[PDB]
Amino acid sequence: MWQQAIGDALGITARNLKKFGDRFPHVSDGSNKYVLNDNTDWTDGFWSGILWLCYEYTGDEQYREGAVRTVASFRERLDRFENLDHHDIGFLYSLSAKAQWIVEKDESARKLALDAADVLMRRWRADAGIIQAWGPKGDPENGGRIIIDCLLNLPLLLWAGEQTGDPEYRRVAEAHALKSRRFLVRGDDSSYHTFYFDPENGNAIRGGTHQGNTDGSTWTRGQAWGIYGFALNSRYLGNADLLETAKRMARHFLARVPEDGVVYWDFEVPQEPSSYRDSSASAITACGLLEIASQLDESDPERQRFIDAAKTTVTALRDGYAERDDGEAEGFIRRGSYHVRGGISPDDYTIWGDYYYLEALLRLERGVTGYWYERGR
């Protein structure tokens, strides 16, 4: 049963919209209140996504109008190019502008998403064959660095390619996804957080972490980005190798889920209650598991196993981590972690965790698949 779980999210969201106003939630910091920003981070799209999902579930225009207002903010953000010189254009615009196009076919929203996709293409580095994740072009430290999270920024490009017919979008996304599979994914099915290439020729330099415990550890959200990310790219590209990788990474993740069903922040640290968790990694994986299953043939016995693993994850989140709408709580699930070693919100709400938790509930209850691709594709 997912209706009551969704109900708490609907209540929390409706109240949040009236409190946040035109502001955007990011993460909490030691309390049940979200730290807010004026659309200046990489997570603003998750708020839009949540509003759109709530609208799709209820048909209640209070959610739609809030979403539309955030889209207007995104139109302004792009026109002013405020903090958009990085790869997170996908997370920001797929869940806001593209989402509105998916929900109600708004032409201006479609244009905004395409304008955004065009801006994201500026991050492509022809000489290295990758999308630069962080910093300005040529940045000494990150000029040739990619991160596994970027897999979720590719849908915006793939979608833009199918909308415009411009083969460049798919070419770049496919190349980046394949390069990610070869260098970000490890031989034991674990994964690196980031990887460095020579900006001049694309030679592989080394793998390295940013939010994981060590360069060779397994940041669980990173593993999660791989699971859902490779599955989303596999759908767009009809690439069986990417789907296989998503499955391998998923099995690796699942074999390391603790007794309460929600993962710790890194698989290579003490797997005991004293270690911080990352409910957001589990939420992302729940969506990834369902995505994987949707691409498997009905005759494949592992299909139902992936679906059940997803239901079990959502249940674990609902029962042990979900916030009830008590008129105060501003987040859907507790114990997410942003940057543990950096001491940044290690036991808090994360708006992305909230978005994926709700997307999983909508997938399970209504078959609503989010805003990574057109419905029916």
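In case it trips you up, residue 1 is the first one in the sequence shown, and so on.
The PDB entry reports B-factors from which the mean C-alpha value can be compared for 134-142 and 147-155; the larger average falls on 134-142. When the two stretches 268-276 and 84-92 are set side by side, the higher mean Cα temperature factor goes to 268-276. Among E65, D41, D348, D319, the highest C-alpha B-factor recorded in the PDB entry belongs to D319. The residue among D215, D127, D115, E244 whose C-alpha carries the highest B-factor in the deposited model is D127.
Among the modelled residues of its chain, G226 has a C-alpha B-factor that falls in the lowest third according to the deposited record.
The entry lists a Cα temperature factor for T13 that places it in the lowest third of the chain's modelled residues. Among all modelled residues in this chain, the alpha-carbon of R123 has a temperature factor (C-alpha) in the middle third.
When the CA B factors of the chain's modelled residues are split into thirds, the value for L51 lands in the lowest one. Split the chain's modelled residues into thirds by C-alpha temperature factor. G336 is in the lowest one.
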